[PDB]
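Same chain, two forms, each on its own as structure tokens: structure 1, then structure 2.
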Structure 1
């Protein structure tokens, strides 16, 4: 396994799901029975959106969005009045990658905060995000489609499922992406929830560097069969994201 130093760390890229990344997600309207109120808060961006946005920042691409996206929230979502439709005018976007900074710690301008929030909101909408205090998406299948169809990434973008490969061939595909300086979108499912994140390096020990999308919390080296962060961020469930794994690879511009 080749050694590859964290690609996102090399560019200072560290995003999260809360402020100032979620300034344009939907504002929660209702209390879920049995849960404290999040009414008036912006919904989390969603791990799928944060992972994808970090990879897009790595490429500073696209300058122009290609195609709008619309969907309707599930009426099972207890946080919103229904029906609730969401629309992202991605075909009108001039993404300014000088305003979409690699990370945010507070002193950025409002224009800069709104730039990342707009990207986060657009990406989340493109993957049919189920918005809430935590926000969930089907992930890979929607990410690969959105990257190509909405955001103009290369036709090399595609989902791979862990079940379709031996351990060797799976890990070889991840290594190949890293050798091409291409961070990988990755997700898995644990006992009480799944999560999506970025694989962006390797240590030669059969461990991979993971950026969990929690602003840095728990980032480090993990085996792909022990994706078990200690400290958990928003949407972290009970960790241990070792089941039903998939990835989106080939992520690079047209």
Structure 2
């Protein structure tokens, strides 16, 4: 395994799911029965959107969006009145990557905050985000489609599933991406839920650098069969995103 220092860290890229990343997600409309109110707050961007947006920032691509996207929220979503349709005019977008900064500390201009919030909202919509205080998407299968069809990334973009490869061949594909300076979209499920994140480095001893999309919290080196960030888990136990794993590789503009 080649040594590759964190690609996202090298470019200062650290996104999150709350403010100021979520200033253009849908505003929560309803209180879920038995839950405290999030009414009037913007929905989380979604880990799938945050992971994808960080990779998009790494490439500062696209210059221009290719195709709009529209979808309808599930009617069992308790945070919105139904039916609820969402729309992103991605075909009209000219993303200014000067204004979409690598990270946000709060002191940025409203133009800079709106720039990342627009990208976040576009990406979330393109992957049919189930918006809420937390926001969920199917992930990989929608991400690979969105990157090519809506945002114009190269046809090299595709999903790979962990179950389709030996451990060696799986990690070899991740290694190849990193060797070509291409961060990898990655997701998995376990006993602390499902999550999407970015693989962007390797330390030569079969650990990979992970950017979890929580603004930096828990970022570090992990084995791909022990993707277990300590930021999660109440009670003091173990848990990680080690099942139903998939990735989106070949992410590049040209």
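Take the two forms, superpose them, and find the largest set of C-alpha atoms that agree within 1.5 Å; that set is the rigid core. Numbering follows the first chain given and starts at 1. Only residues modelled in both forms are compared.
A movement of the C-alpha atom of residue 239 reaching 2 angstroms or beyond is seen between structure 1 and structure 2 when the two forms are aligned on their rigid core. Taking the core as the reference frame, the CA atom of residue 36 shifts 1.3 angstrom between structure 1 and structure 2. For residue 191, the Cα shift between structure 1 and structure 2 is 2.2 Å when the rigid core is held fixed in the overlay.
Superposition on the rigid core leaves 232-239 as the sole run of at least three consecutive shared residues whose Cα positions differ by 2 Å or more between structure 1 and structure 2.
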